[PDB]
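Inspection log for the structure reproduced underneath, given as structure tokens.
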4 protein chains.
Amino acid sequence: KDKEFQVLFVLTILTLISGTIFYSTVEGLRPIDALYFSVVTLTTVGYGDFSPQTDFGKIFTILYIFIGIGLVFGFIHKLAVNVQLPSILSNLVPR
Amino acid sequence: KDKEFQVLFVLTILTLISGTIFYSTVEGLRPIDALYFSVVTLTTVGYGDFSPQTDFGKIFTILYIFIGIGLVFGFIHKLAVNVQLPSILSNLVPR
Amino acid sequence: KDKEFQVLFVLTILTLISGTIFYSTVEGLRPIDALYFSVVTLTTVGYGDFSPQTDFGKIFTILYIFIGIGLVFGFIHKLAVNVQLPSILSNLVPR
Amino acid sequence: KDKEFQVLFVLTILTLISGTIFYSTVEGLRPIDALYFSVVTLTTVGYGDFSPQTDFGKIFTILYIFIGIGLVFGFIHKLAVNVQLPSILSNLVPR
Ligand SMILES: [K+]
Ligand SMILES: [K+]
Ligand SMILES: [K+]
Ligand SMILES: [K+]
Ligand SMILES: [K+]
Ligand SMILES: [K+]
């Protein structure tokens with residue numbers, strides 16, 4: 001399960017890495033604001049402090065959202081159940 | 001399962017196609033910005049770079065969201081489990 | 001199951017009705033913009049064309065979101081599986 | 001199950017408490033607007049009436065979202081099924 005977590009963890013990193021590269025290049029964001037925007041996008045928070053202004057950016061966001069949501073929320077799912085929960089359970093039993 | 005994917009795939013396309021037509025016509029968006037807005041709406045990202053200004057638009061968005069979310073997120077679910085996951089698994093075994 | 005759908009359907013209506021009343025009264029929205037804002041809130045779309053400006057409004061939105069999301073998304077779930085899906089299946093068999 | 005509810009209830013409170021403290025301190029929000037922003041963030045509503053302007057804030061929001069969503073939506077899940085639903089069922093049987 002650490003290896004089930006690891007695979008999704010890597011895949012999410014590669015997914016955010018890619019959004020960072022596209023949005024910094026085509027939409028002109030700083031690398032930090034691209035990563036931020038990528039995370040705010042794929043988690044469906046969506047503040048809209050940053051949004052794509054080019055048509056190439058709008059098109060890529062359509063595909064990025066559809067490809068990216070399933071992954072991101074699977075990692076989060078993994079993270080909650082296989083990492084956060086046991087840690088919580090361990091804090092209720094002094095060793 | 002390719003046919004379970006195909007049905008939802010088509011249904012999502014028809015759903016976005018329809019939002020594109022309504023928002024381009026009634027709210028005055030370019031066809032590209034209507035599709036974009038439709039996708040950002042039904043995935044619950046919701047940047048708000050575009051939002052409906054007419055009452056007819058606000059009313060349609062209420063119904064579009066309620067009818068559209070279940071579909072869109074079922075496709076995404078299908079896509080992650082029946083397309084992305086196996087592809088991932090295949091990349092871990094050289095042929 | 002029509003009665004399982006009916007209960008949630010009513011409960012969602014009562015939930016939106018209430019947001020409409022609070023936001024029209026305390027935040028000063030038109031009744032149509034209050035309902036719209038209520039729907040955009042509880043589905044987690046969240047355009048932000050409208051947002052609460054008073055502290056009483058911000059506090060109520062915290063509680064409304066927490067109480068309202070579970071309901072709204074249960075109705076949508078019901079709607080997709082018990083209404084949309086069978087209708088789809090029926091359209092693939094001429095009578 | 002009251003104790004399953006209680007644990008998540010506490011954990012959500014501690015999670016919002018922490019966002020309130022970070023956003024009030026680093027981003028300069030009033031304590032009420034920090035809590036509000038924290039709730040609007042972790043539920044993925046995301047109006048964007050408030051968004052982080054510092055790089056330290058953007059970085060923390062990335063981690064807060066990933067750590068916080070699984071918890072918040074588990075509480076909501078608990079709340080809907082173990083509190084709201086039975087209460088609803090009880091209202092359909094006069095004592
Ligand atoms: K979900
Ligand atoms: K959302
Ligand atoms: K959102
Ligand atoms: K949003
Ligand atoms: K927004
Ligand atoms: K805005």
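Below, chains carry the letters A, B, ... as their sequence lines are ordered, and counting in each starts from 1. As a basis for the values below, the full set of heavy atoms in this structure was taken, side chains included, without hydrogen atoms, waters or symmetry mates.
When hydrophobic clusters are built by joining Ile, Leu, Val, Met, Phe, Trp and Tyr residues whose side-chain heavy atoms come closer than 4.5 Å, directly or via intermediates, B/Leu85 is grouped together with A/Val7. A continuous path of ILVMFWY side-chain contacts below 4.5 Å connects A/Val40 to D/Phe56, so both sit in one hydrophobic cluster.
Residues D/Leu29 and D/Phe50 are in side-chain contact: their nearest non-hydrogen atoms beyond the backbone lie under 4.5 Å apart. Considering only heavy atoms from C-beta on, C/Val39 comes within 4.5 Å of B/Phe66 through its side chain. Side-chain atoms of C/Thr61 and C/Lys58, non-hydrogen and from C-beta on, never get closer than 4.5 Å to each other. The side-chain heavy atoms of C/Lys78 and C/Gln6, taken from C-beta on, include no pair separated by under 4.5 Å. Side chains of C/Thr44 and D/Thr43 form no contact here, defined as non-hydrogen atoms less than 4.5 Å apart.
Of all heavy-atom pairs between D/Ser24 and D/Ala34, the closest is N-CB, 3.8 Å. Scanning all heavy atoms of the two residues, the minimum distance from C/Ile21 to C/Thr25 falls at O-OG1, 2.7 Å. Among all heavy-atom pairs drawn from C/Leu42 and C/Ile69, the shortest one is O-CG1, 3.6 Å. The two atoms that bring A/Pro52 and A/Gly57 nearest to each other are CB-C, 3.8 Å, heavy atoms only. Taking each heavy atom of B/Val93 and B/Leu89 in turn, the nearest pair found is CG2-O, 3.9 Å.
Annotation: side chain to side chain donor-acceptor pair (under 3.5 Å) contacts of C/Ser38 (sequence neighbours excluded): none.
Taken from OG1 in D/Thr41 to OH in A/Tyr47, the straight-line distance is 2.5 Å, to the nearest 0.5 Å. Taking CG from D/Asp2 and CG from D/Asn82, the interatomic distance works out to 8.0 Å, rounded to the nearest 0.5 Å. To the nearest 0.5 Å, atoms CD1 (A/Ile59) and CG (B/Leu35) are separated by 8.5 Å. A/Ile76 contributes atom CD1, which lies 7.5 Å from atom CG of A/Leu79 (distance to the nearest 0.5 angstrom).
Although no hydrogens or angles enter the test, the distance criterion places no donor-acceptor pair under 3.5 Å between the side chain of A/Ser51 and the main chain of A/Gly48. Between the side chain of B/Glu27 and the backbone N or O of B/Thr54, at least one donor-acceptor pair lies under 3.5 Å. When atom types are taken as modelled, the side chain of C/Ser87 and the backbone of C/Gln84 share a donor-acceptor pair closer than 3.5 angstrom.
Partner of C/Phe37 under the ring-ring contact (aromatic ring centres under 6.0 Å, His included) criterion, chosen from C/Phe60, C/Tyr23, C/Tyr64, C/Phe22: C/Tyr23.
Remark: the D/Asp49 side chain and the D/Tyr36 side chain contain an N/O donor-acceptor pair separated by less than 3.5 Å.
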Let me check something: any side-chain donor-acceptor pairs from residues 10-20 of chain A under 3.5 Å, sequence neighbours excluded? List them with distances.
| from | atom 1 | to | atom 2 | distance (Å) |
| --- | --- | --- | --- | --- |
| A/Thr12 | OG1 | A/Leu8 | O | 3.4 |
| A/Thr12 | OG1 | A/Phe9 | O | 2.7 |
| A/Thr15 | OG1 | A/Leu11 | O | 2.6 |
| A/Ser18 | OG | A/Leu14 | O | 3.0 |
| A/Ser18 | OG | A/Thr15 | O | 2.8 |
| A/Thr20 | OG1 | A/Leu16 | O | 2.7 |

